[PDB]
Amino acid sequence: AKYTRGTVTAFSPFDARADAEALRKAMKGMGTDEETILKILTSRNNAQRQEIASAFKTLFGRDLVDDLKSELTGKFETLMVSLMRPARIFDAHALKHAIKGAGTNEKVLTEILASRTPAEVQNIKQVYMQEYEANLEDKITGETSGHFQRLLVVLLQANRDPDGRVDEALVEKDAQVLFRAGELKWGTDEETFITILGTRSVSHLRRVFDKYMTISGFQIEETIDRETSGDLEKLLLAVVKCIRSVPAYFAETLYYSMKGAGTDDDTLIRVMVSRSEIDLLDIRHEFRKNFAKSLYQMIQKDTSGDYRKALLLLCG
C-alpha cells in the first residue's frame, strides 16, 4: 500500500528537438561540453530522454547513445549512458551483463530479484526474451549454482503469495522454522526456509519477522549478517530487507557503496538511475534516518567532477 516518490520528474516545457539540437551542439567538433549534456539528461525523465534520442536520430541520422559513448569517458560516461537506457530494458540489460562472460555478478542478480515487484519481474523476463532471444531463467541457472540458484529461480517466478488473510498458526509455524534455521547458521535443510522467504506473502513475512524477533531476541537480519557470508546469505538478507522496506534496502546499499576507501561506482550509478523515478526520495529519507547523514553529503565526499555534479542533480 506504501506510496513512494522518485527525485526525477518530467521537464517542462519539453521540446525534444531543441534538446536534441543542444546535445548535438555540445558534442559536435573537438572536445565536449559535458555541462550541457548532464544538465539536460539529469533534468529530463527517462521517457523524455527516449524522445530526445528519436529526435536526435531524425535530425542528424546519428545515434545519441553511440555519440555519448564516443564523446565521454569513465564514470561520467557510464552514468549518462545508464540514464539514457530505456526504463523497460534497464534490468534485462543489467542481468545480461551480470551473467555474460567469465564469473558472475551475484550482487546485481541479488539486488534486482530481491527488490523488484512481481510485475517488474514479469516484464524483465519478457523483455529479456524479446531483446536477447534467450530465456532468462535458463541463463541464470547456467551461471549460478546450488541453493543460491534455487532461491533466484523462485524469485524469478514472480509468484509470491498475494497479500491476503492473516494466518496466525502459519505465522507461528514459519517463525519457529526460521528460528531453528537461524540457529543452524542457515546451513541446514535450506529448501525449507527458501520456500518460506521466497513464496510467503509480504504481509505474512512481516508478521513472521516480528514473531521471530520475539522468539530469539534478535531480528532475522542479525542472524544472517556478517561479512563472511556466502551468496545465499546475501540473497536472504536482500530478500528480508526488501520485504520490510525496499527504500531502506537501497539506502543501505548506497551507504555501503560509498563507506570506506574508494567507491563501488557501478552500484552507486545503478541504484541512483534505476530508482530515480520510483523511490529515490524515500531512499534519501531512509538514508538520513538510518545513517545519521545525508545521501547528498556522502556522494559529494565520494565523487568528483561532472560525475559528481550529475549525481547530485539526480539526488536533488
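Residue positions are given as counts along the sequence shown, with the first one as 1.
As recorded in the PDB entry, 137-145 is the stretch of 154-162 and 137-145 with the greater mean C-alpha temperature factor. With 220-228 and 95-103 compared on mean CA B-factor from the PDB entry, the stretch scoring higher is 220-228. Highest CA B-factor among 130, 199, 245, 203, as stated in the entry: 130.
Note on the listed residues 273, 30, 52, 281: the highest Cα temperature factor in the record is that of 30. Per the PDB record, residue ranking by Cα B-factor puts residue 117 in the middle third of the chain. Remark: residue 62 belongs to the middle third of its chain, ranked by C-alpha B-factor as recorded. Residue 184 sits in the highest third of its chain by CA B factor, as recorded in the PDB entry. When the modelled residues of the chain are ordered by C-alpha B-factor, residue 215 sits in the highest third. In the PDB entry, residue 290 places in the highest third of its chain by CA B-factor.
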